[PDB]
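Participant: Pasting a structure here, questions to come.
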There are 6 protein chains.
Amino acid sequence: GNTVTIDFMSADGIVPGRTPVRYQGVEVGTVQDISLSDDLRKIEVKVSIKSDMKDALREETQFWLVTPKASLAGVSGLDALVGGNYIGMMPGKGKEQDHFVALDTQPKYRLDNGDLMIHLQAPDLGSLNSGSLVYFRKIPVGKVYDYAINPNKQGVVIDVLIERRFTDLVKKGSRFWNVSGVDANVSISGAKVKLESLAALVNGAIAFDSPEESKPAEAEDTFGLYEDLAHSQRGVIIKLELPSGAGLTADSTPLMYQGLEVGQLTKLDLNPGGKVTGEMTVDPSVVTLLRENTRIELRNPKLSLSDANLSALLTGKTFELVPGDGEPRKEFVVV
Amino acid sequence: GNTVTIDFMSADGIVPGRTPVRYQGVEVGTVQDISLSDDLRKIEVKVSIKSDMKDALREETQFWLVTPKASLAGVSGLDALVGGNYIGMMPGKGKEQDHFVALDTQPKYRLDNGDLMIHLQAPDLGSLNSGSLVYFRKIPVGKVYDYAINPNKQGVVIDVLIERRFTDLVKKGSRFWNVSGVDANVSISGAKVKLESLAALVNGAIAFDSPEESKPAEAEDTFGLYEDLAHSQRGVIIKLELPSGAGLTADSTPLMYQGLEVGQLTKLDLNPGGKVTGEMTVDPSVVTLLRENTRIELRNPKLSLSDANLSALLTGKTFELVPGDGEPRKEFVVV
Amino acid sequence: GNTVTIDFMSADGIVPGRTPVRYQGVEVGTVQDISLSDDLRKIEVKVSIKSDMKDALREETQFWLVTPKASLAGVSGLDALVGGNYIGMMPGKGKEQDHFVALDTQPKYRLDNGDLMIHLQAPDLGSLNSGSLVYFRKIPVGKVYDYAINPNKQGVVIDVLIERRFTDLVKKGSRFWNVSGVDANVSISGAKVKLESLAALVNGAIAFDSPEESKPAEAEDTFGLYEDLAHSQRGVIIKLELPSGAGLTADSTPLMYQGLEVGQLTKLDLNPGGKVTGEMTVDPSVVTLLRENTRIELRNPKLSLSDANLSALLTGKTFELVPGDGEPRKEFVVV
Amino acid sequence: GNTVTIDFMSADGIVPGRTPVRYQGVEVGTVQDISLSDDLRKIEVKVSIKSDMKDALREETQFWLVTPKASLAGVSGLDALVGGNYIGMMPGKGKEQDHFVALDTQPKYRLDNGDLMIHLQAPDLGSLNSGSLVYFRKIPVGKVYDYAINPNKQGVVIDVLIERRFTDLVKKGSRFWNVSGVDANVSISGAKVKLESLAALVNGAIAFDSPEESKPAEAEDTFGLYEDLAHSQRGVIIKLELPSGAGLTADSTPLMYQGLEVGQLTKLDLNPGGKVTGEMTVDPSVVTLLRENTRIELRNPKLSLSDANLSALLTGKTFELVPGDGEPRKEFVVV
Amino acid sequence: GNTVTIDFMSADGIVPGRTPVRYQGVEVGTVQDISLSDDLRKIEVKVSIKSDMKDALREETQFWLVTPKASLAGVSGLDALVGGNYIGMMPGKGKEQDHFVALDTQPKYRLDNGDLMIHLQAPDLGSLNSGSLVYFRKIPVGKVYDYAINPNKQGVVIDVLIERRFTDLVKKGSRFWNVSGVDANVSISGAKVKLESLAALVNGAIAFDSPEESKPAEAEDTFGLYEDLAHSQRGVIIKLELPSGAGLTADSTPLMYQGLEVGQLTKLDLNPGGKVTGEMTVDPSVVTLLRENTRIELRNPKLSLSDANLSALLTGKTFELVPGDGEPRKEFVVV
Amino acid sequence: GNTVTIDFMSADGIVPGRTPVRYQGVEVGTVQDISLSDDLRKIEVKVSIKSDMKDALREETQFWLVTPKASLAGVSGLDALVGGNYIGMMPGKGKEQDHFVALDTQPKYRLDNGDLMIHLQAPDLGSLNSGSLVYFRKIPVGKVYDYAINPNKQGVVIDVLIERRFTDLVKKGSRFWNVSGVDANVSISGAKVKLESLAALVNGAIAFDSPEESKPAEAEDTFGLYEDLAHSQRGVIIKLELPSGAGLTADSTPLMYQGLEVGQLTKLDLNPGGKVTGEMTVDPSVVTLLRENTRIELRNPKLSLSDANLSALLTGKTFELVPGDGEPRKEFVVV
């Protein structure tokens with residue numbers, strides 16, 4: 001028998017008879033008695049712990065009360081409905097402490113086994129939460145561990161947790177894209193609505209790709225989080241100096257070649273001085289055609305008297321690529 | 001043992017044997033006996049309290065009965081299903097009272113820790129309720145504490161509660177916008193429907209932004225609540241003296257420049273004397289172009305024989321900006 | 001101990017051992033024994049009551065059996081699942097009665113505190129039920145108490161119940177409008193679907209407005225119930241003698257002025273003798289323009305060769321207002 | 001103690017110790033012992049009944065087993081979850097019987113009080129079930145009691161049950177229309193979707209109207225069930241001898257008069273001999289205009305060069321009424 | 001007491017103390033002891049049965065374990081939650097057996113009473129499952145008993161089970177059509193979405209019709225299952241030798257006559273040799289017009305300068321019927 | 001009595017008194033005592049096993065803790081709610097082991113009976129999970145057993161499990177297609193939305209076809225998984241050397257013949273050197289027409305003054321087939 005006092009902000013459903021202290025779900029201690037000091041929420045709770053953990057008890061040890069969490073976000077009261085309320089613990093590398101302060105929520109528990117722990121950078125969290133799932137070829141091979149705002153107030157750092165046997169998958173050249181929420185995909189001549197699976201809608205998801213020839217990533221490497229599969233396309237950035245962005249769309253104006261889609265306009269900017277400039281991603285198979293004296297001009301959706309097509313007039317402006325020869329250059333000027 | 005009589009309007013599921021008085025979830029008192037006086041809902045309930053709280057018992061002390069609230073709005077009967085019905089208390093700074101009147105609902109409990117407590121002003125409550133969530137970069141960093149109608153009958157004051165470690169986020173120049181409910185976003189050439197996350201739909205939400213260079217806000221500062229992210233855009237108000245608001249829309253008529261969207265018409269008014277005047281927000285990057293002899297004229301969605309575009313004819317009237325030089329002025333007259 | 005016989009139409013889950021009589025949730029009586037007379041549903045139930053209520057027992061006292069109501073409409077069996085079935089009572093101003101007849105449902109219980117109790121008149125109930133909520137600035141400040149058909153078979157009288165601290169809100173010039181159900185709001189150039197909050201969809205709601213300068217209403221005053229916020233607009237009725245209601249819509253044909261919407265056609269009638277007459281609500285700011293020699297003529301959505309607008313041709317007929325001078329008149333004739 | 005044997009097809013959850021026989025929810029008998037005869041589902045169940053019901057036991061007495069009915073259609077196991085399984089009884093006007101056969105379902109129980117019991121005739125049941133609700137001004141004033149196929153195999157007879165205090169409402173000239181299911185109401189220039197309340201969607205509903213001057217209906221009077229509110233319109237049938245039903249719709253082709261809708265084409269037939277004839281309901285206010293030498297001719301949605309209207313060209317064929325004088329006739333010939 | 005060993009593949013929640021053997025829900029036997037032989041899933045379960053069933057025990061007797069089936073498809077653990085797990089039995093016409101093998105699922109139980117048991121032939125099962133419902137005039141008068149693939153691998157045989165009192169309904173000339181799932185019904189000038197009731201959506205349904213003059217069907221007669229009400233129309237097949245199926249639709253191209261719809265093209269084929277032939281169902285009222293020298297020619301949706309109709313140009317090709325005289329023939333050639 | 005120590009990562013709801021070891025649901029062992037070694041999650045759990053399994057205990061024996069899995073994915077805690085938590089086992093072909101390591105999840109249990117076990121190759125998993133269903137003629141005849149990524153990082157191997165009596169169905173020439181998720185099917189002249197049954201939406205499904213004349217498949221044969229029924233069409237691949245892929249769609253551009261649809265363009269490629277080539281599946285009935293001097297030319301949706309069709313102008317480019325004679329060739333060049 002030992003004596004440990006823990007300060008609680010609020011203690012609900014705790015009886016001095018049967019309120020065990022469960023470390024990893026095994027009873028390690030027992031609540032002795034609950035008292036309050038000077039009526040200022042100073043819930044002094046005496047806890048007798050088995051002697052083996054008393055030797056392993058240190059200062060960096062955190063306690064928390066588990067309640068049946070049936071709230072707006074919560075399922076985690078399965079043990080708490082059966083056995084009742086209890087408290088838990090996590091031993092740490094502290095020196096020594098008798099008087100503890102209980103943590104308001106259950107903290108995140110690192111596991112001992114070798115698991116890949118990598119960070120992501122996103123402009124915002126999106127529809128992701130802790131406990132959401134990580135897919136590869138739509139196979140769950142991990143989950144989102146935690147999330148934290150970087151000290152620069154712009155971004156959000158998300159760190160995820162790959163399983164042990166799938167650490168070979170995450171390469172240095174892997175890209176992570178977001179899959180969360182749902183929309184409607186209406187095109188011309190009929191609409192069909194598919195975005196994601198039903199597991200991703202409620203809590204969020206992150207898919208990723210593994211390139212073929214790359215070194216395996218490790219040890220808290222950062223990655224960018226793209227907001228769509230379409231934004232996660234590989235390719236070569238080509239800067240364009242546009243005349244005027246009249247009918248151009250930020251992510252929907254394509255680059256035709258022989259009638260087929262090759263590139264996609266991705267960014268559209270208004271530089272100071274009145275210079276509308278943008279940039280474009282292309283298929284890497286067509287980069288060999290991108291050389292010197294290579295022209296990019298825009299075609300209008302004109303009303304042709306011989307070929308009356310309804311589909312082209314809905315699309316609008318359309319970038320056309322004609323090939324060239326010479327040194328490969330990476331920027332062009334549209335007249 | 002002590003004697004405290006509490007008037008209840010209705011007392012349900014209370015037994016004189018086991019009906020504890022739980023202050024913050026720990027048993028402090030016990031219901032002795034329940035009687036009714038002169039058959040006019042005067043439910044005299046005798047309560048014996050432990051002697052330590054009897055010294056701390058004062059006049060401004062409120063009692064309330066907790067029931068399993070499984071009603072139209074309610075989940076909060078989790079403790080009440082397990083243990084049963086009980087009553088609670090909140091001690092206050094009163095002098096002395098023996099005969100109490102029970103409060104009809106559980107009141108709002110201020111916490112002792114340092115948490116930011118700021119007020120919002122809204123024209124109506126919207127789809128917000130107490131217990132709805134507050135996002136920053138879509139990360140929950142607080143919740144709506146309470147709401148109250150100001151003595152002027154026009155507005156609604158909402159006061160929220162930021163967490164302790166996120167008090168650095170709320171600056172003096174922060175803007176709060178509403179995210180609640182859902183709609184459909186139909187544009188031309190296809191429609192895609194995304195408004196908000198699934199947590200915000202049921203109970204409501206409030207997001208906010210943190211500007212980069214501002215003093216940190218504190219101590220019950222007021223803020224305006226914008227009704228949309230689009231209404232929360234920063235910019236410079238530019239007053240326009242319009243000829244006639246024929247095809248103009250209150251929040252959908254844009255300000256083109258080199259084909260790109262710069263401004264957005266925000267307010268449209270009918271002044272007495274037959275003068276249609278409005279005002280416009282602009283991008284702060286383009287304010288340097290707003291000077292003297294700077295003209296704003298409206299372009300019609302005309303049917304051009306060479307460039308037949310379907311997208312422009314659906315939009316309607318369109319404000320065009322041409323730059324000027326001289327002193328920066330903040331108002332213009334459209335002819 | 002006393003003896004009270006109560007006739008039940010059907011008595012379910014009642015044991016002679018433990019079936020208490022709960023007045024306001026406190027045990028006042030106990031079911032002694034259940035017998036049936038001559039096999040014609042004459043369920044004679046003997047009830048022993050405490051002596052204090054026996055003095056307060058009178059003739060206008062109603063009893064009812066509470067069952068876990070988990071039916072198509074019901075949540076109200078929360079006490080009945082825990083404790084079991086019981087019966088309740090409401091004492092009244094009767095003389096004396098021993099043999100009672102049990103009421104088939106739980107009756108409506110007036111509270112003792114000062115609460116505003118006002119009547120509404122509606123052409124039908126709509127999607128309102130008892131227990132639906134009453135909003136002011138979308139804040140719940142009351143609920144629908146009861147509803148009853150007036151002896152004239154045309155209308156429905158609904159009486160609601162404002163809270164105690166919000167009796168200042170309801171003025172004499174307040175208007176009550178209905179918010180219940182959901183629809184889709186499709187306009188031209190895209191559609192967005194928002195009608196109401198999620199609490200109003202299931203059970204119904206009623207919002208209201210408080211004008212600024214009015215006497216506070218009291219004591220069972222009547223009010224009209226408008227079926228929409230749009231039908232609850234203030235304004236001045238202007239009678240129109242229309243030539244022929246060809247493309248006119250009952251609530252969608254607007255009154256333009258300088259391109260802006262001022263009025264809205266509200267009623268459209270076919271008088272005998274072949275005279276299509278209607279009436280219109282206007283903005284109260286524009287009533288000063290409504291005088292003698294003030295003309296209202298309708299504009300067609302004509303195909304203009306210079307200004308080709310798609311939005312006007314979808315709208316149809318359009319009332320135009322030109323101002324006049326002289327004595328203010330309240331009716332006009334459209335040629 | 002008595003002995004009654006009841007044949008069950010299947011007896012589930014019945015213990016010889018505690019399986020009461022509940023007439024109207026009060027224990028009247030007890031299952032003695034369960035045996036099966038010659039392994040052919042002859043579940044002989046001995047039941048001891050109290051002596052008072054033994055005198056009232058007769059031959060036309062039906063027994064049924066109640067189970068927690070949590071199936072595809074069922075909520076009615078609320079008593080059966082708490083107390084357990086039991087059986088019930090309904091005494092009748094038989095002579096004498098000892099060996100009974102249990103009914104496979106719980107039969108319909110007529111109540112003793114004066115309630116109106118009227119029959120409806122419908123071409124099919126629709127989305128109505130027993131236990132669905134009956135509205136008047138959208139107030140529940142009854143429910144569907146039963147339904148049965150008439151011996152002619154064409155129709156379905158539905159008999160409903162009005163409450164006691166609302167028997168004044170049902171008149172001889174009342175019309176009953178169906179409200180069940182949901183659809184979408186898409187018109188031109190925008191669509192809004194409202195059909196019914198949320199209670200009617202799951203189980204069905206029937207609304208009705210009470211005319212002003214009519215005798216009160218009584219005593220199993222029949223009524224027609226219209227399939228819509230629109231089909232329940234009063235009016236005068238006018239037979240039309242149409243030239244050819246080219247663009248005519250069965251329930252959507254209106255009868256204009258001064259641009260306003262007066263009538264509605266309701267039935268459209270192909271008589272033998274190649275004679276397309278139909279019939280029309282009209283507003284009763286306009287029947288005074290229907291006389292001799294009264295012409296009905298159809299107007300085409302023609303493209304007018306001066307009044308270019310998009311709304312008329314979507315509607316199609318349109319019946320026009322011009323008034324006449326003379327004797328009132330009830331049929332016309334369209335040329 | 002007796003001894004019966006039953007092989008189980010997996011035995012869950014079975015205690016040697018209280019695991020009864022319930023034939024039709026009455027306790028007939030008790031599990032004595034559970035042992036496993038040579039660790040190869042040979043779960044030897046000893047069962048002591050009452051002596052009366054031991055005489056009736058035969059070789060063709062099947063046993064099965066019932067578990068609370070709360071899985072993807074299942075509600076049937078209502079008895080299993082209350083009493084616990086048990087096993088059941090069905091005696092058969094075998095000789096004698098002591099060592100049994102337990103069936104993996106609960107088999108289908110034929111009832112003793114006279115019920116109609118007829119087979120259906122369908123090209124696939126569709127959205128039907130066992131336990132789905134059978135409607136007549138949308139009244140449930142039976143249910144789907146079982147389903148089995150015929151030895152020819154093309155079809156699916158479904159056998160259903162009509163109630164006892166409705167055996168008069170099923171005639172020899174009855175047609176069975178499928179009602180399962182839901183779609184959207186979009187027509188021109190507005191769309192309204194109604195397919196089926198809410199009970200049919202989850203599990204499936206089958207409706208049927210009873211013709212007036214036909215012999216009553218009996219004794220495992222086969223029937224075709226049509227996939228829609230529209231495919232279940234009666235009529236006369238008329239073969240057509242079409243010139244080229246250019247704008248013709250398989251089930252949507254109608255047969256006009258005097259502007260009214262008479263027939264409906266149902267099948268469209270490409271015979272070898274380049275001969276597009278189809279066949280058509282007609283109204284049986286119009287078969288008298290189908291004779292010799294009767295012409296069927298197709299009308300184009302032409303743009304008429306006098307009658308500009310939007311509805312006809314959306315429909316497309318349209319078959320026209322002109323009558324003829326002479327001998328009735330059943331095939332035609334379209335030029 | 002025996003002693004077996006098992007390492008757990010976390011042990012939840014385990015009591016040393018009553019925590020049985022259930023092999024296939026029969027109690028085989030009992031948890032003796034729980035200790036932790038040196039505070040590094042070394043949850044040493046002593047287990048006493050019956051002596052018969054102790055002889056059958058070997059080294060390749062896996063243990064796992066079962067918890068009520070009410071998580072994001074979970075129903076499998078039905079036994080665990082009733083009895084409580086327990087652990088299970090699977091004996092294997094090991095030599096001998098005393099100190100075990102508990103498996104983190106319940107492993108997959110191969111059954112002893114003859115069931116077909118075949119592998120599928122898919123480019124990604126799709127919306128399939130383990131426990132999803134396998135249909136034949138929409139009859140459930142198996143389920144997905146497991147899934148695993150092949151060592152080449154491109155694909156995903158899925159192995160399924162056909163029932164015992166349906167092993168005749170799976171032939172060598174069978175094709176497996178995916179049915180999972182839902183979309184919208186909007187076509188011209190109205191839209192109707194049906195994709196799949198209700199079971200497949202939540203968890204996924206896989207349907208298949210059995211051809212008529214093929215050898216029965218067996219013993220871990222591979223199969224391709226097509227992503228749609230339309231992609232699972234049989235036919236003959238015809239390579240096309242297209243001029244320019246201008247209005248051509250990857251899976252929506254058809255091959256007309258006499259107005260009827262015969263083929264469907266399936267793949268469209270941009271070869272290096274600027275050669276847009278594609279390939280097409282055809283009906284096997286038309287392969288006899290595919291010979292030498294057989295021409296495939298594309299028809300435009302031209303505006304014809306005599307036949308004004310709305311349907312053809314929405315479809316776009318359209319491949320036309322004219323037959324030829326000679327040797328059968330399998331590729332063509334479109335000019």
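Scheme for the structure tokens: letters A, B, ... for chains in order shown; per-chain residue numbers from 1; ligand numbers from 1 in order shown.
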Need to verify the contact set: segment 281-285 of chain F, 6 Å, only C-alpha atoms, exclusion of same-chain residues closer than 2 positions in sequence. Can you return it as a PDB file with N, CA and C atoms, in the first residue's frame?
Facilitator:
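Okay, part.pdb is ready:
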```pdb
ATOM      1  N   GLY F 235     -15.748  -9.888 -76.108  1.00  0.00           N
ATOM      2  CA  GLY F 235     -15.646  -9.336 -77.441  1.00  0.00           C
ATOM      3  C   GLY F 235     -14.256  -9.539 -78.006  1.00  0.00           C
ATOM      4  N   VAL F 236     -14.047  -8.946 -79.174  1.00  0.00           N
ATOM      5  CA  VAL F 236     -12.790  -9.046 -79.898  1.00  0.00           C
ATOM      6  C   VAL F 236     -12.155  -7.667 -79.941  1.00  0.00           C
ATOM      7  N   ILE F 237     -10.899  -7.581 -79.510  1.00  0.00           N
ATOM      8  CA  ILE F 237     -10.171  -6.324 -79.571  1.00  0.00           C
ATOM      9  C   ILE F 237      -9.850  -6.003 -81.020  1.00  0.00           C
ATOM     10  N   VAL F 262     -23.065  -1.476 -81.819  1.00  0.00           N
ATOM     11  CA  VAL F 262     -22.353  -2.734 -81.945  1.00  0.00           C
ATOM     12  C   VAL F 262     -21.115  -2.754 -81.068  1.00  0.00           C
ATOM     13  N   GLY F 263     -20.241  -1.765 -81.232  1.00  0.00           N
ATOM     14  CA  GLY F 263     -18.993  -1.720 -80.516  1.00  0.00           C
ATOM     15  C   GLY F 263     -18.931  -0.541 -79.565  1.00  0.00           C
ATOM     16  N   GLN F 264     -17.811  -0.469 -78.865  1.00  0.00           N
ATOM     17  CA  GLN F 264     -17.580   0.561 -77.868  1.00  0.00           C
ATOM     18  C   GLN F 264     -16.085   0.793 -77.826  1.00  0.00           C
ATOM     19  N   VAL F 287     -18.295 -10.015 -85.714  1.00  0.00           N
ATOM     20  CA  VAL F 287     -16.917 -10.332 -86.093  1.00  0.00           C
ATOM     21  C   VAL F 287     -16.839 -10.962 -87.482  1.00  0.00           C
TER      22      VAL F 287
END
```
Participant: Only residues of chain A matter here; which ones have an atom within 7 Å of chain F, counting only C-alpha atoms? Give them as a PyMOL selection string.
Facilitator: chain A and resi 24-26+75+137-139+189-194+197-198+258-260+307-310
Participant: In Å to one decimal, how far is atom CA of residue 266 of chain E from atom CA of residue 232 of chain E?
Facilitator: 11.3 Å
Participant: I'd like to know which residues of segment 206-306 of chain C are strand (DSSP E) (by DSSP, run on the backbone); could you write them as a VMD selection string?
Facilitator: chain C and resid 206 to 209 225 to 226 237 to 241 254 to 257 260 to 271 275 to 281 295 to 299
Participant: Could you name the residues that touch residue 214 of chain C at 9 Å or less, counting only C-alpha atoms, but leaving out those on the same chain fewer than 3 positions away, as a PyMOL selection string?
Facilitator: chain C and resi 171-174+210-211+217
Participant: Could you write those residues out with N, CA and C atoms, as a PDB file, in the first residue's frame?
Facilitator:
```
ATOM      1  N   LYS C 171     -44.412  42.035 -28.571  1.00  0.00           N
ATOM      2  CA  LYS C 171     -45.082  43.320 -28.608  1.00  0.00           C
ATOM      3  C   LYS C 171     -46.442  43.162 -29.269  1.00  0.00           C
ATOM      4  N   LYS C 172     -47.213  44.251 -29.270  1.00  0.00           N
ATOM      5  CA  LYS C 172     -48.512  44.217 -29.931  1.00  0.00           C
ATOM      6  C   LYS C 172     -48.368  44.118 -31.441  1.00  0.00           C
ATOM      7  N   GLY C 173     -47.303  44.684 -31.994  1.00  0.00           N
ATOM      8  CA  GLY C 173     -47.121  44.681 -33.429  1.00  0.00           C
ATOM      9  C   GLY C 173     -46.167  43.615 -33.911  1.00  0.00           C
ATOM     10  N   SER C 174     -46.058  42.525 -33.167  1.00  0.00           N
ATOM     11  CA  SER C 174     -45.184  41.438 -33.563  1.00  0.00           C
ATOM     12  C   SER C 174     -45.884  40.556 -34.583  1.00  0.00           C
ATOM     13  N   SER C 210     -39.667  41.209 -33.247  1.00  0.00           N
ATOM     14  CA  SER C 210     -40.080  42.228 -32.288  1.00  0.00           C
ATOM     15  C   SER C 210     -39.861  43.602 -32.891  1.00  0.00           C
ATOM     16  N   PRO C 211     -40.912  44.354 -33.197  1.00  0.00           N
ATOM     17  CA  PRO C 211     -40.723  45.724 -33.680  1.00  0.00           C
ATOM     18  C   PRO C 211     -40.215  46.624 -32.566  1.00  0.00           C
ATOM     19  N   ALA C 217     -47.145  43.052 -25.599  1.00  0.00           N
ATOM     20  CA  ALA C 217     -48.379  42.292 -25.644  1.00  0.00           C
ATOM     21  C   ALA C 217     -48.527  41.445 -24.391  1.00  0.00           C
TER      22      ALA C 217
END
```
Participant: Within 9 Å of residue 120 of chain C, counting only C-alpha atoms, which residues qualify if same-chain residues fewer than 6 places away don't, as a CSV table (one decimal) with C-alpha atoms, in the first residue's frame?
Facilitator:
```
chain,number,residue,atom,x,y,z
C,156,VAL,CA,-56.8,26.2,-36.2
C,157,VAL,CA,-56.0,28.0,-33.0
C,158,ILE,CA,-52.5,27.4,-31.7
C,159,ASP,CA,-51.5,28.7,-28.2
C,160,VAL,CA,-47.9,29.0,-27.4
C,176,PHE,CA,-45.3,35.3,-36.2
C,221,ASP,CA,-53.8,38.2,-27.4
C,222,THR,CA,-54.3,36.8,-30.9
C,223,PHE,CA,-51.9,36.9,-33.8
C,224,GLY,CA,-51.8,35.8,-37.4
C,225,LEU,CA,-49.5,33.0,-38.4
```
Participant: As a list in words, please: all residues of segment 115-326 of chain E that backbone DSSP puts in alpha helix (DSSP H).
Facilitator: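 DSSP-assigned alpha helix (DSSP H) residues in segment 115-326 of chain E: residues 198, 199, 200, 201, 202, 203, 310, 311, 312, 313, 314 and 315 of chain E.
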Participant: What would the file look like if the residues just selected were written as a CSV table (one decimal), in the first residue's frame with N, CA and C atoms?
Facilitator:
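Result file follows (part-v7.csv):
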```
chain,number,residue,atom,x,y,z
E,198,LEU,N,-41.4,2.3,-48.9
E,198,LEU,CA,-40.1,2.3,-48.2
E,198,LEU,C,-39.8,0.9,-47.7
E,199,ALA,N,-40.8,0.0,-47.6
E,199,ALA,CA,-40.5,-1.4,-47.2
E,199,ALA,C,-39.8,-2.2,-48.3
E,200,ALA,N,-40.1,-1.9,-49.6
E,200,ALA,CA,-39.5,-2.6,-50.7
E,200,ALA,C,-38.0,-2.2,-50.9
E,201,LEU,N,-37.6,-1.1,-50.4
E,201,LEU,CA,-36.2,-0.6,-50.8
E,201,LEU,C,-35.2,-1.4,-50.1
E,202,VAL,N,-35.4,-1.9,-48.9
E,202,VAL,CA,-34.4,-2.5,-48.1
E,202,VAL,C,-34.2,-3.9,-48.5
E,203,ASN,N,-35.3,-4.7,-48.6
E,203,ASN,CA,-35.2,-6.1,-48.8
E,203,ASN,C,-35.8,-6.6,-50.1
E,310,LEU,N,-41.7,22.4,-78.1
E,310,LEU,CA,-40.5,21.9,-77.5
E,310,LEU,C,-40.5,20.5,-77.1
E,311,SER,N,-41.7,20.0,-76.8
E,311,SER,CA,-41.8,18.6,-76.2
E,311,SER,C,-41.6,17.5,-77.3
E,312,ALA,N,-42.0,17.8,-78.5
E,312,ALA,CA,-41.8,16.7,-79.5
E,312,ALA,C,-40.4,16.6,-80.0
E,313,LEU,N,-39.6,17.7,-80.0
E,313,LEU,CA,-38.2,17.6,-80.4
E,313,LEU,C,-37.3,16.9,-79.4
E,314,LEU,N,-37.7,16.8,-78.2
E,314,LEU,CA,-37.0,16.0,-77.2
E,314,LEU,C,-37.2,14.5,-77.4
E,315,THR,N,-38.4,14.1,-77.8
E,315,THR,CA,-38.8,12.7,-77.9
E,315,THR,C,-38.1,11.9,-79.0
```
Participant: May I have the residues within 6 Å of residue 238 of chain B as a PyMOL selection string, using only C-alpha atoms and disregarding those fewer than 2 positions away in the same chain?
Facilitator: chain B and resi 279-280+330-331
Participant: Write out as a PyMOL selection string each polymer residue whose atoms come within 12 Å of residue 103 of chain D, counting only C-alpha atoms; drop sequence neighbours fewer than 4 positions from it.
Facilitator: chain D and resi 6-11+60-66+87-90+107-108
